[PDB]
Amino acid sequence: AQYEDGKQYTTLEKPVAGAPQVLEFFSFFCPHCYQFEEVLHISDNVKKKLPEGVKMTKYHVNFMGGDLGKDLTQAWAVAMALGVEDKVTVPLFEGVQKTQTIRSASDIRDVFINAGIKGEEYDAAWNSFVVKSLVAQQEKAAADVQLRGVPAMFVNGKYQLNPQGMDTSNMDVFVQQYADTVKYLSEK
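Each residue of the sequence shown is one higher than the one before, counting from 1 in the deposited numbering.
Have a look at this one:
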């Protein structure tokens with residue numbers, strides 16, 4: 001058929017109960033993740049095609065970048081808690097990978113301050129148990145899908161996107177196929 005298990009997607013042996021409908025994992029340290037988000041705009045293209053009432057969820061991962069990598073997972077938790085994901089995503093990617101001016105937790109915080117988040121507000125969130133639970137949630141989600149690498153995307157806790165089984169050449173054909181596949185899976 002057009003969409004095939006083992007080609008554009010695979011199926012989790014162990015489906016995840018109560019998972020977000022569309023779940024993406026990434027790292028701000030991850031070069032392919034920079035391409036996925038800042039060049040290919042996969043998240044945005046997926047969202048442009050999603051059915052009514054389907055939310056996209058995006059979690060950060062710890063396993064790249066040591067202490068800073070975890071700092072970034074905690075900052076992403078802050079971004080989710082404050083609802084400022086779409087204000088910090090681009091400057092965090094560029095700060096870690098393009099300018100490489102993000103080298104410490106304080107450099108991360110600077111991105112938020114520069115994006116208009118008040119210092120007291122960032123610090124209160126950073127040190128909150130709500131943010132610690134959000135960090136734990138991201139870590140548990142990675143465990144639940146038995147995550148091996150990023151970028152990754154899972155649909156209804158059952159299906160894993162398989163970009164290596166898609167077409168490579170026009171980045172645009174690739175992006176459209178990825179997005180079309182997510183939509184197919186959402187209705188499956």
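In this text, a Cβ means the ideal position worked out from N, Cα and C, and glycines have one as well.
Between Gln2, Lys188 and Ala81, which lies nearest to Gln138 when the distance is taken from Cα to Cα? Closest by alpha carbon: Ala81.
If I follow the unbroken beta strand (DSSP E) through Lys58, where does it start and stop? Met56 to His60 is the extent of the beta strand (DSSP E) around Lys58.
Would you report the Cα separation of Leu68 and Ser104, rounded to the nearest angstrom? Cα to Cα, the separation comes out at about 6 Å.
Check whether the region 103–118 and the region 171–183 are in contact - that is, three or more C-beta pairs closer than 8 Å. They do not touch, by the three-pair rule.
Drop a sphere of 10 angstroms on the beta-carbon of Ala1, count the other beta-carbons inside from all chains shown, and report buried for 16 or more, exposed for fewer. If you draw a 10 Å sphere on the C-beta of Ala1, you find fewer than 16 other C-beta atoms in it, and that means exposed.
Which residue's Cα is closest to the Cα of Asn170: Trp126, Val39, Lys49 and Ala17? Residue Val39 is the option with its Cα nearest to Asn170.
In angstroms, rounded to a whole number, what distance separates the CA positions of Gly66 and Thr73? For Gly66 and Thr73, the distance between alpha carbons rounds to 11 Å.
In angstroms, rounded to a whole number, what distance separates the CA positions of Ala124 and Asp167? Distance between the alpha carbons of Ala124 and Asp167 is about 45 Å.
Less than 8 Å between the beta carbons of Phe25 and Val61, yes or no? At a Cβ-Cβ threshold of 8 Å, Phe25 and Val61 count as neighbours.
In chain order, what residues of the same chain have a beta carbon less than 8 Å from the beta carbon of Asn162, not counting five sequence neighbours either side? The residues are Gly6, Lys7, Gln8, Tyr9 and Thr10.
By Cβ distance below 7 Å, which residues in the same chain neighbour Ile117 in space, the five residues on each side in sequence not counted? Answer for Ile117: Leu82 and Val84, listed in chain order.
Would you please state the rounded distance, in angstroms, between the beta carbons of residue 190 and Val145? I believe it to be under 8 Å. Since the displayed the chain opens at 1 and closes at 188, residue 190 lies outside it and no answer follows.
Cα-Cα separation, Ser106 to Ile42: When the Cα atoms are used, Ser106 and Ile42 turn out to be separated by approximately 29 Å.
Got a sec? Which residues, its chain only, sit under 6 Å from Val46 by beta carbon, not counting five neighbours each side? Answer for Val46: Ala179 and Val182, listed in chain order.
Which of the three DSSP states is assigned to residue 195 in this structure? It is not possible to answer for residue 195, since the shown part of the chain is limited to 1 through 188.
Would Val22 and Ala77 qualify as a contact pair, given that the criterion is a beta-carbon distance under 8 Å? No. Outside cutoff.
If I follow the unbroken alpha helix (DSSP H) through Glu37, where does it start and stop? Following the DSSP letters along the chain, one finds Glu37 in no alpha helix (DSSP H), marked with neither H nor E.
DSSP puts residue 201 in a beta bridge; with which residues? Residue 201 lies beyond the residue range present for the chain, which begins at 1 and ends at 188; the question has no answer from this structure.
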